[PDB]
Structure formats: C-alpha cells, structure tokens
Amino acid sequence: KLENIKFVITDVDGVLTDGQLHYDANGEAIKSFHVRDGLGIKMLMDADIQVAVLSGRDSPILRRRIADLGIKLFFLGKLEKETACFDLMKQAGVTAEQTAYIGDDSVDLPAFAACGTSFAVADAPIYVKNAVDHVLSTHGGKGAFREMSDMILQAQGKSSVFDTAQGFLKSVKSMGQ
C-alpha cells in the first residue's frame, strides 16, 4: 500500500512538534518544527504526493509554517478528524486507499480508521500505537514525519532523492522550506 500513496495527512502537535506548546500571555508564542521533516514534506510534493495538515489548534504561527511549506489543504481548529480526512481526500482528488495519516494521540484514532495507511510516532501512547499500521521509531518532533516520508518514497522506488548526493541536487530547486 505504501507504493500507492498519493496523499499524506499529518496531525501537527506531537507529530510535527514534540508536543510542547510554547505559550506567552497571548497564547502560542513559538511553534518548533523540524528541519528534516520540512525537507521530507518537500520531497513528497516533489514526488507528486500531496501533503495536508489537520490540527485541533489554530494559530497564525502554524499558518505561517503551512504557507512556508506550500500546503494548501488543511483544517485547523477542528476536533472531528474523521470527517476532515474524507473532506481532504475529496479536495486532493484521492481515495482513502491512497492516503496515509500520521498521528500521536486519541483524537487521531478516527483519522487512522478513515485513512488507508496509518503511522504513529514513537512516543504516542500504546492505545494509539496499537491502532496503526506502522509505529515509527522516531519521536514526534524529532523527525518522525521524515522517517515516514523516507519510508514511503523508498517504497515508491524514490530513495535516491534522499540517499545519494545526485538524486538530491536534481530536486534541490523544490527542496526549500
């Protein structure tokens, strides 16, 4: 099934971050994203795999990161993830069987069921790890998304875009974040 993925939907907190919410007096003040995940996001888009974001918490900081990544499909501040999954797939033009999801907590359980393939980050709780198809070995916010994107691209015969200097230079124009 990894070979047929055309869409990846990722949760944000605890997946693209280590779960920390850095607050100031006004709310989230800083969100910390991982550079290697950003590169994995860019590699998937470059392999014509779309990437969408689902997050129960909306912030202009998350929105900036999304814009920096060139992500156009996403639902922020929405608690019902199963429905958003189906709405995003329709917007992406793909089926659930062509989509993979990566999450870290209970809110993601319906998202795992709606998607054809699911991943849990390494520090997700056991009831989330037990629900997915693959448990990653990397903690959320430490490159788990990248671990998954490398996995998918490898399954699609595209490991050369990240595992040799040459494949890399041939996509570099689209690798920015």
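Numbering starts at 1 and runs along the sequence shown.
- Mean CA temperature factor is higher for 68-76 when stretches 98-106 and 68-76 are set side by side in the entry.
- Comparing the deposited coordinates for 54-62 and 41-49, the stretch with the larger average C-alpha B-factor is 54-62.
- The deposited CA B-factor of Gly167 belongs to the middle third of values across its chain.
- In the deposited entry, the Cα temperature factor of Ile5 places it in the middle third of its chain's modelled residues.
- Split the chain's modelled residues into thirds by C-alpha temperature factor. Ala113 is in the highest one.
- Ranked against the other modelled residues of its chain, the C-alpha B-factor of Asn130 as given in the entry falls in the middle third.
- Per the deposited record, the Cα B-factor of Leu153 falls in the middle third when ranked against the other modelled residues of its chain.
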